[PDB]
$ cat work.cif   # mmCIF, N, CA, C and O atoms
data_final
loop_
_atom_site.label_atom_id
_atom_site.label_comp_id
_atom_site.auth_asym_id
_atom_site.auth_seq_id
_atom_site.Cartn_x
_atom_site.Cartn_y
_atom_site.Cartn_z
N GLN Q 861 0.81 -1.21 0.00
CA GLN Q 861 0.00 0.00 0.00
C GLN Q 861 0.85 1.27 0.00
O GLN Q 861 0.60 2.20 -0.76
N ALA Q 862 1.90 1.32 0.85
CA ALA Q 862 2.82 2.42 0.91
C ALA Q 862 3.63 2.64 -0.38
O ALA Q 862 3.80 3.76 -0.86
N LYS Q 863 4.12 1.48 -0.99
CA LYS Q 863 4.91 1.52 -2.21
C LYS Q 863 4.18 2.07 -3.42
O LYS Q 863 4.67 2.99 -4.08
N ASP Q 864 2.97 1.56 -3.74
CA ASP Q 864 2.28 1.96 -4.96
C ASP Q 864 1.66 3.37 -4.80
O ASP Q 864 1.45 4.08 -5.79
N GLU Q 865 1.44 3.83 -3.55
CA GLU Q 865 1.17 5.23 -3.23
C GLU Q 865 2.36 6.15 -3.49
O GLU Q 865 2.26 7.19 -4.16
N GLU Q 866 3.58 5.70 -3.04
CA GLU Q 866 4.86 6.34 -3.33
C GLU Q 866 5.16 6.43 -4.82
O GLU Q 866 5.63 7.45 -5.31
N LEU Q 867 4.83 5.40 -5.63
CA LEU Q 867 4.99 5.45 -7.08
C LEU Q 867 4.26 6.62 -7.75
O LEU Q 867 4.76 7.22 -8.71
N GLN Q 868 3.08 7.02 -7.23
CA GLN Q 868 2.42 8.24 -7.66
C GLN Q 868 3.23 9.49 -7.36
O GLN Q 868 3.42 10.34 -8.23
N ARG Q 869 3.80 9.63 -6.14
CA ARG Q 869 4.69 10.71 -5.77
C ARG Q 869 6.01 10.69 -6.55
O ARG Q 869 6.57 11.73 -6.93
N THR Q 870 6.55 9.49 -6.84
CA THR Q 870 7.78 9.25 -7.58
C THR Q 870 7.76 9.80 -9.01
O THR Q 870 8.71 10.47 -9.44
N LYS Q 871 6.66 9.64 -9.78
CA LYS Q 871 6.59 10.24 -11.12
C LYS Q 871 6.37 11.75 -11.08
O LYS Q 871 6.84 12.50 -11.95
N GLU Q 872 5.72 12.26 -9.99
CA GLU Q 872 5.56 13.68 -9.71
C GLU Q 872 6.88 14.39 -9.44
O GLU Q 872 7.09 15.53 -9.85
N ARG Q 873 7.84 13.70 -8.78
CA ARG Q 873 9.21 14.19 -8.68
C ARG Q 873 9.91 14.33 -10.03
O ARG Q 873 10.59 15.33 -10.27
N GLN Q 874 9.74 13.36 -10.95
CA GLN Q 874 10.26 13.46 -12.32
C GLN Q 874 9.63 14.63 -13.10
O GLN Q 874 10.32 15.39 -13.77
N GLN Q 875 8.33 14.83 -12.95
CA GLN Q 875 7.61 15.98 -13.49
C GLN Q 875 8.04 17.31 -12.89
O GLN Q 875 8.20 18.29 -13.60
N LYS Q 876 8.24 17.36 -11.55
CA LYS Q 876 8.81 18.53 -10.89
C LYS Q 876 10.22 18.84 -11.36
O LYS Q 876 10.50 19.97 -11.74
N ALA Q 877 11.11 17.83 -11.37
CA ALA Q 877 12.52 18.02 -11.64
C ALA Q 877 12.83 18.58 -13.02
O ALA Q 877 13.57 19.55 -13.14
N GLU Q 878 12.24 18.04 -14.12
CA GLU Q 878 12.46 18.62 -15.44
C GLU Q 878 12.00 20.07 -15.55
O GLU Q 878 12.72 20.95 -16.02
N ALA Q 879 10.79 20.38 -15.03
CA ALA Q 879 10.24 21.72 -15.01
C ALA Q 879 11.06 22.69 -14.18
O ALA Q 879 11.35 23.81 -14.60
N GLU Q 880 11.49 22.26 -12.98
CA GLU Q 880 12.35 22.98 -12.06
C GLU Q 880 13.74 23.26 -12.63
O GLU Q 880 14.24 24.37 -12.55
N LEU Q 881 14.34 22.26 -13.30
CA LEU Q 881 15.58 22.49 -14.01
C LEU Q 881 15.46 23.54 -15.10
O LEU Q 881 16.30 24.44 -15.18
N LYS Q 882 14.40 23.52 -15.94
CA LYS Q 882 14.14 24.55 -16.94
C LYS Q 882 13.91 25.94 -16.32
O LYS Q 882 14.38 26.95 -16.82
N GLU Q 883 13.18 26.01 -15.19
CA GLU Q 883 12.95 27.23 -14.44
C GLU Q 883 14.26 27.86 -13.93
O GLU Q 883 14.51 29.06 -14.08
N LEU Q 884 15.17 27.02 -13.35
CA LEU Q 884 16.52 27.38 -12.99
C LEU Q 884 17.43 27.78 -14.16
O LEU Q 884 18.19 28.73 -14.05
N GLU Q 885 17.38 27.06 -15.30
CA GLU Q 885 18.12 27.33 -16.52
C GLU Q 885 17.79 28.69 -17.13
O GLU Q 885 18.66 29.51 -17.45
N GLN Q 886 16.49 29.02 -17.17
CA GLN Q 886 15.95 30.33 -17.50
C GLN Q 886 16.49 31.42 -16.58
O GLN Q 886 16.99 32.46 -17.01
N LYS Q 887 16.43 31.23 -15.19
CA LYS Q 887 16.86 32.20 -14.21
C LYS Q 887 18.37 32.30 -14.03
O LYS Q 887 18.86 33.33 -13.58
N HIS Q 888 19.18 31.31 -14.35
CA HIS Q 888 20.62 31.51 -14.50
C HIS Q 888 20.91 32.38 -15.71
O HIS Q 888 21.88 33.13 -15.65
N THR Q 889 20.19 32.21 -16.82
CA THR Q 889 20.38 33.12 -17.95
C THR Q 889 20.24 34.57 -17.49
O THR Q 889 21.15 35.37 -17.64
N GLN Q 890 19.14 34.92 -16.75
CA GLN Q 890 18.86 36.19 -16.08
C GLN Q 890 19.93 36.57 -15.06
O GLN Q 890 20.46 37.68 -15.02
N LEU Q 891 20.37 35.62 -14.21
CA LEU Q 891 21.41 35.83 -13.23
C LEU Q 891 22.80 35.94 -13.87
O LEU Q 891 23.78 36.35 -13.25
N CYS Q 892 22.99 35.60 -15.16
CA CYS Q 892 24.18 36.01 -15.90
C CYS Q 892 24.21 37.52 -16.13
O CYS Q 892 25.21 38.18 -15.85
N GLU Q 893 23.05 38.11 -16.56
CA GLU Q 893 22.79 39.53 -16.76
C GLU Q 893 22.85 40.33 -15.47
O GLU Q 893 23.51 41.36 -15.39
N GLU Q 894 22.23 39.82 -14.37
CA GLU Q 894 22.23 40.46 -13.05
C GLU Q 894 23.64 40.71 -12.52
O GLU Q 894 23.94 41.80 -12.02
N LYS Q 895 24.55 39.73 -12.63
CA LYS Q 895 25.90 39.85 -12.11
C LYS Q 895 26.71 40.97 -12.76
O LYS Q 895 27.38 41.73 -12.06
N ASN Q 896 26.65 41.18 -14.03
CA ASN Q 896 27.42 42.23 -14.68
C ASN Q 896 26.82 43.61 -14.45
O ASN Q 896 27.51 44.53 -14.00
N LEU Q 897 25.50 43.78 -14.65
CA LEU Q 897 24.83 45.06 -14.54
C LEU Q 897 24.85 45.64 -13.13
O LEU Q 897 25.05 46.85 -12.92
N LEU Q 898 24.69 44.80 -12.08
CA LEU Q 898 24.87 45.23 -10.70
C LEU Q 898 26.30 45.63 -10.36
O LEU Q 898 26.51 46.60 -9.64
N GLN Q 899 27.28 44.96 -10.90
CA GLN Q 899 28.68 45.33 -10.78
C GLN Q 899 29.00 46.69 -11.43
O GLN Q 899 29.66 47.54 -10.82
N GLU Q 900 28.49 46.94 -12.65
CA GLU Q 900 28.60 48.21 -13.36
C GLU Q 900 27.95 49.36 -12.60
O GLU Q 900 28.53 50.44 -12.43
N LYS Q 901 26.73 49.14 -12.05
CA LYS Q 901 26.04 50.09 -11.20
C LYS Q 901 26.81 50.42 -9.93
O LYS Q 901 26.93 51.59 -9.56
N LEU Q 902 27.36 49.44 -9.26
CA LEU Q 902 28.11 49.58 -8.02
C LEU Q 902 29.36 50.43 -8.17
O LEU Q 902 29.63 51.30 -7.34
N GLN Q 903 30.17 50.23 -9.24
CA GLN Q 903 31.36 51.05 -9.44
C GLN Q 903 31.04 52.53 -9.69
O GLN Q 903 31.55 53.41 -9.00
N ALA Q 904 30.10 52.81 -10.62
CA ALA Q 904 29.72 54.15 -11.02
C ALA Q 904 29.13 54.99 -9.88
O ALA Q 904 29.39 56.18 -9.73
N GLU Q 905 28.36 54.37 -9.00
CA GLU Q 905 27.81 54.95 -7.78
C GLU Q 905 28.89 55.45 -6.81
O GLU Q 905 28.80 56.55 -6.27
N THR Q 906 29.98 54.67 -6.63
CA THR Q 906 31.16 55.11 -5.88
C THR Q 906 31.90 56.29 -6.49
O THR Q 906 32.33 57.20 -5.79
N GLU Q 907 32.04 56.32 -7.84
CA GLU Q 907 32.63 57.43 -8.58
C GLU Q 907 31.85 58.74 -8.42
O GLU Q 907 32.42 59.81 -8.18
N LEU Q 908 30.52 58.68 -8.44
CA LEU Q 908 29.64 59.81 -8.16
C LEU Q 908 29.75 60.33 -6.72
O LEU Q 908 29.76 61.54 -6.49
N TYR Q 909 29.89 59.43 -5.73
CA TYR Q 909 30.14 59.79 -4.34
C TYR Q 909 31.41 60.61 -4.12
O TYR Q 909 31.43 61.52 -3.29
N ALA Q 910 32.50 60.33 -4.87
CA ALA Q 910 33.74 61.08 -4.76
C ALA Q 910 33.63 62.57 -5.11
O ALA Q 910 34.09 63.43 -4.36
N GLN R 861 7.56 -8.17 -10.63
CA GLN R 861 8.73 -8.28 -11.49
C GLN R 861 8.69 -7.34 -12.69
O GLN R 861 9.66 -6.66 -13.01
N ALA R 862 7.52 -7.24 -13.36
CA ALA R 862 7.27 -6.29 -14.44
C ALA R 862 7.38 -4.84 -14.00
O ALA R 862 7.97 -4.01 -14.70
N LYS R 863 6.84 -4.48 -12.85
CA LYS R 863 7.01 -3.20 -12.20
C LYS R 863 8.46 -2.82 -11.98
O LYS R 863 8.91 -1.81 -12.49
N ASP R 864 9.25 -3.63 -11.24
CA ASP R 864 10.54 -3.12 -10.78
C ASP R 864 11.62 -3.08 -11.86
O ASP R 864 12.59 -2.35 -11.74
N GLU R 865 11.42 -3.79 -13.00
CA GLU R 865 12.22 -3.57 -14.22
C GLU R 865 12.17 -2.12 -14.67
O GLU R 865 13.19 -1.41 -14.71
N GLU R 866 11.00 -1.57 -14.94
CA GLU R 866 10.80 -0.17 -15.24
C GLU R 866 11.08 0.75 -14.06
O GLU R 866 11.76 1.76 -14.19
N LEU R 867 10.63 0.40 -12.84
CA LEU R 867 10.88 1.23 -11.68
C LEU R 867 12.34 1.41 -11.33
O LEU R 867 12.74 2.47 -10.88
N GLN R 868 13.23 0.41 -11.57
CA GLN R 868 14.68 0.61 -11.48
C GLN R 868 15.22 1.67 -12.44
O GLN R 868 15.99 2.54 -12.04
N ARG R 869 14.77 1.69 -13.70
CA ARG R 869 15.07 2.78 -14.62
C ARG R 869 14.41 4.11 -14.20
O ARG R 869 15.00 5.18 -14.19
N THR R 870 13.15 4.09 -13.74
CA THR R 870 12.47 5.28 -13.21
C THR R 870 13.14 5.89 -11.97
O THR R 870 13.19 7.11 -11.81
N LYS R 871 13.73 5.06 -11.07
CA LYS R 871 14.66 5.48 -10.03
C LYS R 871 15.96 6.09 -10.59
O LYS R 871 16.41 7.13 -10.11
N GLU R 872 16.55 5.51 -11.65
CA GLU R 872 17.73 6.04 -12.36
C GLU R 872 17.50 7.44 -12.92
O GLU R 872 18.31 8.33 -12.72
N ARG R 873 16.34 7.68 -13.55
CA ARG R 873 15.95 8.98 -14.07
C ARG R 873 15.82 10.05 -12.99
O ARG R 873 16.23 11.19 -13.17
N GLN R 874 15.27 9.69 -11.80
CA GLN R 874 15.28 10.57 -10.63
C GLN R 874 16.68 10.86 -10.10
O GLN R 874 17.02 11.99 -9.79
N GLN R 875 17.57 9.76 -10.03
CA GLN R 875 18.95 9.89 -9.60
C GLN R 875 19.77 10.81 -10.50
O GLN R 875 20.55 11.64 -10.02
N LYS R 876 19.60 10.70 -11.83
CA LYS R 876 20.18 11.60 -12.82
C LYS R 876 19.74 13.03 -12.61
O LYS R 876 20.57 13.95 -12.57
N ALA R 877 18.42 13.26 -12.42
CA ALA R 877 17.87 14.58 -12.21
C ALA R 877 18.34 15.26 -10.93
O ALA R 877 18.74 16.42 -10.96
N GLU R 878 18.36 14.53 -9.80
CA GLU R 878 18.84 15.03 -8.52
C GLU R 878 20.33 15.38 -8.54
O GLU R 878 20.75 16.44 -8.06
N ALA R 879 21.18 14.53 -9.17
CA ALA R 879 22.60 14.79 -9.35
C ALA R 879 22.91 16.02 -10.21
O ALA R 879 23.78 16.83 -9.88
N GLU R 880 22.17 16.20 -11.32
CA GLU R 880 22.22 17.37 -12.18
C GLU R 880 21.78 18.64 -11.47
O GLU R 880 22.43 19.68 -11.53
N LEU R 881 20.68 18.59 -10.68
CA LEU R 881 20.21 19.60 -9.75
C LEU R 881 21.24 19.94 -8.68
O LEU R 881 21.47 21.11 -8.39
N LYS R 882 21.94 18.94 -8.12
CA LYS R 882 22.98 19.08 -7.10
C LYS R 882 24.17 19.93 -7.53
O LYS R 882 24.67 20.77 -6.77
N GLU R 883 24.61 19.76 -8.78
CA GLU R 883 25.66 20.54 -9.42
C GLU R 883 25.28 22.02 -9.48
O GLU R 883 26.05 22.92 -9.11
N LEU R 884 24.03 22.31 -9.84
CA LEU R 884 23.39 23.62 -9.75
C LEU R 884 23.10 24.13 -8.34
O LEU R 884 23.26 25.30 -8.05
N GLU R 885 22.64 23.24 -7.42
CA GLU R 885 22.24 23.52 -6.03
C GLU R 885 23.39 24.08 -5.21
O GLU R 885 23.25 25.10 -4.52
N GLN R 886 24.61 23.50 -5.32
CA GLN R 886 25.81 24.07 -4.73
C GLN R 886 26.14 25.45 -5.28
O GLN R 886 26.38 26.41 -4.55
N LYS R 887 26.04 25.58 -6.58
CA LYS R 887 26.32 26.85 -7.21
C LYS R 887 25.30 27.94 -6.91
O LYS R 887 25.67 29.09 -6.67
N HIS R 888 24.00 27.66 -6.89
CA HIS R 888 23.03 28.64 -6.41
C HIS R 888 23.18 28.87 -4.91
O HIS R 888 22.86 29.99 -4.50
N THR R 889 23.56 27.90 -4.09
CA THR R 889 23.86 28.16 -2.68
C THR R 889 24.95 29.22 -2.53
O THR R 889 24.75 30.22 -1.83
N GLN R 890 26.02 29.06 -3.29
CA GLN R 890 27.03 30.12 -3.33
C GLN R 890 26.47 31.44 -3.83
O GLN R 890 26.62 32.50 -3.23
N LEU R 891 25.68 31.41 -4.93
CA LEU R 891 25.08 32.60 -5.49
C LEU R 891 23.94 33.17 -4.66
O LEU R 891 23.45 34.27 -4.93
N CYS R 892 23.44 32.47 -3.63
CA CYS R 892 22.65 33.11 -2.58
C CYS R 892 23.52 33.97 -1.68
O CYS R 892 23.20 35.14 -1.45
N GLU R 893 24.63 33.45 -1.21
CA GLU R 893 25.56 34.18 -0.37
C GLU R 893 26.15 35.41 -1.06
O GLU R 893 26.10 36.52 -0.53
N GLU R 894 26.59 35.26 -2.33
CA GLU R 894 27.05 36.35 -3.19
C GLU R 894 25.98 37.42 -3.40
O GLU R 894 26.21 38.61 -3.24
N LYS R 895 24.73 37.00 -3.72
CA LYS R 895 23.61 37.93 -3.89
C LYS R 895 23.22 38.66 -2.61
O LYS R 895 22.95 39.85 -2.66
N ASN R 896 23.11 37.90 -1.40
CA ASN R 896 22.70 38.53 -0.15
C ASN R 896 23.60 39.68 0.26
O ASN R 896 23.12 40.79 0.53
N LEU R 897 24.94 39.48 0.26
CA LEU R 897 25.90 40.50 0.62
C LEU R 897 25.95 41.65 -0.38
O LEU R 897 26.01 42.82 -0.03
N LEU R 898 25.88 41.35 -1.70
CA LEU R 898 25.76 42.38 -2.71
C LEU R 898 24.47 43.19 -2.60
O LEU R 898 24.49 44.41 -2.70
N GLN R 899 23.27 42.51 -2.33
CA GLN R 899 21.99 43.17 -2.09
C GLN R 899 22.01 44.11 -0.88
O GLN R 899 21.54 45.25 -0.97
N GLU R 900 22.60 43.66 0.24
CA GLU R 900 22.82 44.46 1.43
C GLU R 900 23.67 45.70 1.16
O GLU R 900 23.30 46.83 1.48
N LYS R 901 24.81 45.52 0.45
CA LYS R 901 25.68 46.62 0.05
C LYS R 901 25.01 47.59 -0.91
O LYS R 901 25.10 48.81 -0.74
N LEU R 902 24.28 47.04 -1.96
CA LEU R 902 23.55 47.83 -2.94
C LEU R 902 22.43 48.66 -2.34
O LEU R 902 22.22 49.79 -2.77
N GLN R 903 21.68 48.13 -1.36
CA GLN R 903 20.69 48.90 -0.62
C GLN R 903 21.33 49.99 0.23
O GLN R 903 21.00 51.16 0.09
N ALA R 904 22.33 49.62 1.07
CA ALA R 904 22.98 50.52 2.02
C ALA R 904 23.68 51.71 1.36
O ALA R 904 23.61 52.83 1.85
N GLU R 905 24.28 51.46 0.16
CA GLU R 905 24.89 52.51 -0.65
C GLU R 905 23.88 53.58 -1.08
O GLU R 905 24.19 54.77 -1.17
N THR R 906 22.63 53.16 -1.37
CA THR R 906 21.54 54.06 -1.75
C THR R 906 20.85 54.78 -0.60
O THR R 906 20.31 55.86 -0.81
N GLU R 907 20.86 54.23 0.64
CA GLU R 907 20.13 54.79 1.77
C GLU R 907 20.56 56.20 2.17
O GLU R 907 19.74 57.06 2.50
N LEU R 908 21.84 56.47 2.06
CA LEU R 908 22.36 57.79 2.37
C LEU R 908 21.93 58.87 1.36
O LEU R 908 21.96 60.07 1.66
N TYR R 909 21.43 58.48 0.17
CA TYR R 909 20.84 59.42 -0.77
C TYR R 909 19.48 59.92 -0.33
O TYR R 909 18.99 60.92 -0.85
N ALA R 910 18.82 59.27 0.67
CA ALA R 910 17.58 59.76 1.24
C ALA R 910 17.72 61.14 1.90
O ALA R 910 16.95 62.05 1.61
#
$ encode --input "work.cif" --output "structure tokens"
Amino acid sequence: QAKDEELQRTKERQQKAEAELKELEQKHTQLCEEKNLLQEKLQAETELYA
Amino acid sequence: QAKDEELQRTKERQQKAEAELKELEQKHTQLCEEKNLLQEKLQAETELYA
């Protein structure tokens, strides 16, 4: 009873994992952009403070 | 017997997905720490402009 109930949850993990990996793959693409633009903003802000 | 032939491969597909996620999971863990300190610095740099 526990096993074949778990088999329902087990395929849901496979469904979660592919979708979650694509969601992360999309947001690393964004977090590639975030890292450079925030660094550019941070330097220029210090130059203005001087 | 018919079940666990496929379920052994279905376990393999989960193991592949979790291991692939793990490679990313360590890296996003680091990129949480990198983001938190940068977010704190980026906010604090702007607060004195109030």
$ calpha_fit_and_write --input "work.cif" --fixed "chain Q" --moving "chain R" --output "tab-separated table (two decimals) with N, CA, C and O atoms, keeping the file's coordinate frame"
chain	number	residue	atom	x	y	z
R	861	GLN	N	5.27	-3.47	-3.64
R	861	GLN	CA	4.28	-3.11	-4.65
R	861	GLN	C	3.40	-1.93	-4.25
R	861	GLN	O	3.17	-1.00	-5.02
R	862	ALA	N	2.93	-1.91	-2.98
R	862	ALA	CA	2.19	-0.80	-2.39
R	862	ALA	C	3.00	0.48	-2.32
R	862	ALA	O	2.50	1.57	-2.63
R	863	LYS	N	4.26	0.42	-1.93
R	863	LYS	CA	5.22	1.51	-1.98
R	863	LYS	C	5.37	2.12	-3.36
R	863	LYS	O	5.11	3.29	-3.54
R	864	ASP	N	5.75	1.33	-4.39
R	864	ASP	CA	6.18	1.97	-5.64
R	864	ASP	C	5.04	2.51	-6.49
R	864	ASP	O	5.25	3.37	-7.33
R	865	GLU	N	3.78	2.08	-6.23
R	865	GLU	CA	2.58	2.76	-6.76
R	865	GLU	C	2.57	4.24	-6.39
R	865	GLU	O	2.61	5.13	-7.25
R	866	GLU	N	2.60	4.58	-5.11
R	866	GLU	CA	2.73	5.93	-4.63
R	866	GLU	C	4.07	6.56	-4.94
R	866	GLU	O	4.15	7.69	-5.40
R	867	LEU	N	5.19	5.83	-4.77
R	867	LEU	CA	6.50	6.38	-5.06
R	867	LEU	C	6.71	6.77	-6.51
R	867	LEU	O	7.39	7.74	-6.79
R	868	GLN	N	6.10	6.07	-7.50
R	868	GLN	CA	6.08	6.55	-8.89
R	868	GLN	C	5.39	7.90	-9.07
R	868	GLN	O	5.93	8.79	-9.74
R	869	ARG	N	4.25	8.14	-8.42
R	869	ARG	CA	3.64	9.47	-8.36
R	869	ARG	C	4.49	10.48	-7.57
R	869	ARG	O	4.73	11.61	-7.96
R	870	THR	N	5.07	10.08	-6.42
R	870	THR	CA	5.99	10.92	-5.65
R	870	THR	C	7.26	11.33	-6.40
R	870	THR	O	7.75	12.46	-6.27
R	871	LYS	N	7.82	10.45	-7.27
R	871	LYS	CA	8.82	10.78	-8.28
R	871	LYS	C	8.30	11.77	-9.34
R	871	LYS	O	9.00	12.73	-9.68
R	872	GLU	N	7.06	11.61	-9.83
R	872	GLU	CA	6.40	12.54	-10.77
R	872	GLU	C	6.28	13.96	-10.21
R	872	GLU	O	6.62	14.92	-10.87
R	873	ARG	N	5.88	14.10	-8.93
R	873	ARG	CA	5.79	15.37	-8.24
R	873	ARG	C	7.14	16.08	-8.11
R	873	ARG	O	7.23	17.29	-8.28
R	874	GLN	N	8.23	15.33	-7.84
R	874	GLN	CA	9.59	15.87	-7.90
R	874	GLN	C	10.02	16.31	-9.30
R	874	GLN	O	10.59	17.37	-9.48
R	875	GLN	N	9.67	15.44	-10.36
R	875	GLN	CA	9.96	15.75	-11.75
R	875	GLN	C	9.26	17.01	-12.24
R	875	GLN	O	9.86	17.84	-12.93
R	876	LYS	N	7.98	17.21	-11.87
R	876	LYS	CA	7.22	18.43	-12.11
R	876	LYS	C	7.87	19.63	-11.47
R	876	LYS	O	8.07	20.67	-12.12
R	877	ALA	N	8.27	19.52	-10.18
R	877	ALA	CA	8.90	20.60	-9.45
R	877	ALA	C	10.26	21.02	-10.01
R	877	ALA	O	10.51	22.21	-10.19
R	878	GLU	N	11.13	20.06	-10.35
R	878	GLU	CA	12.43	20.31	-10.94
R	878	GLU	C	12.34	20.96	-12.32
R	878	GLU	O	13.04	21.93	-12.63
R	879	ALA	N	11.40	20.49	-13.19
R	879	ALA	CA	11.14	21.09	-14.49
R	879	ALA	C	10.62	22.53	-14.43
R	879	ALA	O	11.06	23.40	-15.19
R	880	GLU	N	9.70	22.82	-13.50
R	880	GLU	CA	9.20	24.15	-13.20
R	880	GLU	C	10.28	25.08	-12.67
R	880	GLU	O	10.44	26.22	-13.11
R	881	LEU	N	11.15	24.60	-11.75
R	881	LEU	CA	12.38	25.22	-11.27
R	881	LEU	C	13.37	25.50	-12.40
R	881	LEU	O	13.95	26.58	-12.47
R	882	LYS	N	13.54	24.56	-13.34
R	882	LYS	CA	14.43	24.66	-14.50
R	882	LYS	C	14.12	25.82	-15.44
R	882	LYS	O	15.02	26.53	-15.90
R	883	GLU	N	12.83	26.06	-15.68
R	883	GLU	CA	12.32	27.18	-16.46
R	883	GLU	C	12.72	28.52	-15.82
R	883	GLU	O	13.23	29.44	-16.48
R	884	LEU	N	12.60	28.62	-14.50
R	884	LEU	CA	13.13	29.69	-13.67
R	884	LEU	C	14.65	29.76	-13.54
R	884	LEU	O	15.23	30.83	-13.54
R	885	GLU	N	15.33	28.59	-13.40
R	885	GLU	CA	16.78	28.43	-13.20
R	885	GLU	C	17.58	28.99	-14.35
R	885	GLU	O	18.54	29.75	-14.16
R	886	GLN	N	17.17	28.73	-15.62
R	886	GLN	CA	17.75	29.37	-16.79
R	886	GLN	C	17.58	30.89	-16.78
R	886	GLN	O	18.51	31.66	-16.97
R	887	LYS	N	16.38	31.31	-16.44
R	887	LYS	CA	16.11	32.73	-16.38
R	887	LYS	C	16.81	33.47	-15.25
R	887	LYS	O	17.32	34.57	-15.46
R	888	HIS	N	16.91	32.92	-14.05
R	888	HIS	CA	17.75	33.52	-13.02
R	888	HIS	C	19.23	33.40	-13.38
R	888	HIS	O	19.97	34.29	-12.94
R	889	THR	N	19.69	32.36	-14.05
R	889	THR	CA	21.08	32.31	-14.54
R	889	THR	C	21.39	33.51	-15.44
R	889	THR	O	22.36	34.23	-15.19
R	890	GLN	N	20.49	33.77	-16.37
R	890	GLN	CA	20.63	35.00	-17.16
R	890	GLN	C	20.59	36.25	-16.31
R	890	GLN	O	21.44	37.13	-16.37
R	891	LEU	N	19.63	36.33	-15.36
R	891	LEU	CA	19.49	37.47	-14.48
R	891	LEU	C	20.58	37.56	-13.41
R	891	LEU	O	20.68	38.56	-12.70
R	892	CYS	N	21.42	36.53	-13.22
R	892	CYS	CA	22.69	36.71	-12.52
R	892	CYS	C	23.69	37.48	-13.37
R	892	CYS	O	24.27	38.46	-12.90
R	893	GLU	N	23.86	37.10	-14.62
R	893	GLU	CA	24.76	37.78	-15.54
R	893	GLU	C	24.38	39.24	-15.78
R	893	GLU	O	25.20	40.15	-15.63
R	894	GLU	N	23.07	39.51	-16.02
R	894	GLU	CA	22.50	40.85	-16.13
R	894	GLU	C	22.72	41.69	-14.87
R	894	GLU	O	23.18	42.82	-14.92
R	895	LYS	N	22.45	41.11	-13.68
R	895	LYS	CA	22.68	41.79	-12.40
R	895	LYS	C	24.15	42.08	-12.11
R	895	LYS	O	24.46	43.16	-11.64
R	896	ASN	N	25.10	41.03	-12.34
R	896	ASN	CA	26.51	41.23	-12.05
R	896	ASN	C	27.12	42.40	-12.79
R	896	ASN	O	27.74	43.28	-12.18
R	897	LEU	N	26.91	42.50	-14.13
R	897	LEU	CA	27.43	43.57	-14.94
R	897	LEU	C	26.79	44.92	-14.62
R	897	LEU	O	27.44	45.95	-14.54
R	898	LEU	N	25.45	44.95	-14.39
R	898	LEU	CA	24.79	46.16	-13.92
R	898	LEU	C	25.27	46.62	-12.55
R	898	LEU	O	25.52	47.80	-12.34
R	899	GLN	N	25.48	45.66	-11.55
R	899	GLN	CA	26.04	45.95	-10.23
R	899	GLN	C	27.46	46.54	-10.29
R	899	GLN	O	27.74	47.54	-9.62
R	900	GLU	N	28.33	45.96	-11.13
R	900	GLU	CA	29.66	46.46	-11.41
R	900	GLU	C	29.65	47.88	-11.97
R	900	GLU	O	30.31	48.79	-11.47
R	901	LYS	N	28.79	48.13	-12.99
R	901	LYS	CA	28.61	49.45	-13.58
R	901	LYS	C	28.05	50.47	-12.60
R	901	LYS	O	28.54	51.60	-12.50
R	902	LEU	N	26.98	50.06	-11.81
R	902	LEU	CA	26.35	50.89	-10.80
R	902	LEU	C	27.28	51.29	-9.67
R	902	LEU	O	27.21	52.42	-9.20
R	903	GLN	N	28.16	50.39	-9.20
R	903	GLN	CA	29.19	50.72	-8.23
R	903	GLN	C	30.23	51.67	-8.81
R	903	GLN	O	30.46	52.74	-8.26
R	904	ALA	N	30.81	51.32	-9.98
R	904	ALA	CA	31.89	52.07	-10.62
R	904	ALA	C	31.52	53.51	-10.98
R	904	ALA	O	32.30	54.43	-10.80
R	905	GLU	N	30.23	53.70	-11.40
R	905	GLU	CA	29.68	55.03	-11.68
R	905	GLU	C	29.69	55.93	-10.44
R	905	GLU	O	29.90	57.14	-10.52
R	906	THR	N	29.44	55.34	-9.25
R	906	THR	CA	29.46	56.06	-7.97
R	906	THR	C	30.83	56.30	-7.37
R	906	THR	O	31.00	57.26	-6.63
R	907	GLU	N	31.86	55.47	-7.69
R	907	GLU	CA	33.18	55.57	-7.07
R	907	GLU	C	33.90	56.89	-7.32
R	907	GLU	O	34.55	57.44	-6.43
R	908	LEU	N	33.72	57.44	-8.49
R	908	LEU	CA	34.33	58.72	-8.82
R	908	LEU	C	33.72	59.90	-8.05
R	908	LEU	O	34.33	60.97	-7.92
R	909	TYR	N	32.53	59.73	-7.43
R	909	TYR	CA	31.97	60.73	-6.53
R	909	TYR	C	32.68	60.80	-5.20
R	909	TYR	O	32.52	61.77	-4.47
R	910	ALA	N	33.53	59.80	-4.84
R	910	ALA	CA	34.36	59.85	-3.65
R	910	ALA	C	35.35	61.02	-3.66
R	910	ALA	O	35.42	61.79	-2.71
$ atom_distance --input "work.cif" --atom1 "atom N of residue 872 of chain Q" --atom2 "atom CA of residue 873 of chain R"
11.5 Å
$ closest_residue --input "work.cif" --among "Q:910, Q:897, Q:902, Q:862" --to "chain R" --atoms "all atoms listed in the file"
Q:902
$ interface_residues --input "work.cif" --of "chain R" --to "chain Q" --cutoff "7 Å" --atoms "all atoms listed in the file" --output "PyMOL selection string"
chain R and resi 870+873-874+877+881
$ write_last_selection --input "work.cif" --atoms "N, CA, C and O atoms" --output "compact mmCIF listing (two decimals), keeping the file's coordinate frame"
# COMPACT_ATOMS: atom_id res chain seq x y z
N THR R 870 13.15 4.09 -13.74
CA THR R 870 12.47 5.28 -13.21
C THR R 870 13.14 5.89 -11.97
O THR R 870 13.19 7.11 -11.81
N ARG R 873 16.34 7.68 -13.55
CA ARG R 873 15.95 8.98 -14.07
C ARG R 873 15.82 10.05 -12.99
O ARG R 873 16.23 11.19 -13.17
N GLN R 874 15.27 9.69 -11.80
CA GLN R 874 15.28 10.57 -10.63
C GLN R 874 16.68 10.86 -10.10
O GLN R 874 17.02 11.99 -9.79
N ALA R 877 18.42 13.26 -12.42
CA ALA R 877 17.87 14.58 -12.21
C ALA R 877 18.34 15.26 -10.93
O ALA R 877 18.74 16.42 -10.96
N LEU R 881 20.68 18.59 -10.68
CA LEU R 881 20.21 19.60 -9.75
C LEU R 881 21.24 19.94 -8.68
O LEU R 881 21.47 21.11 -8.39
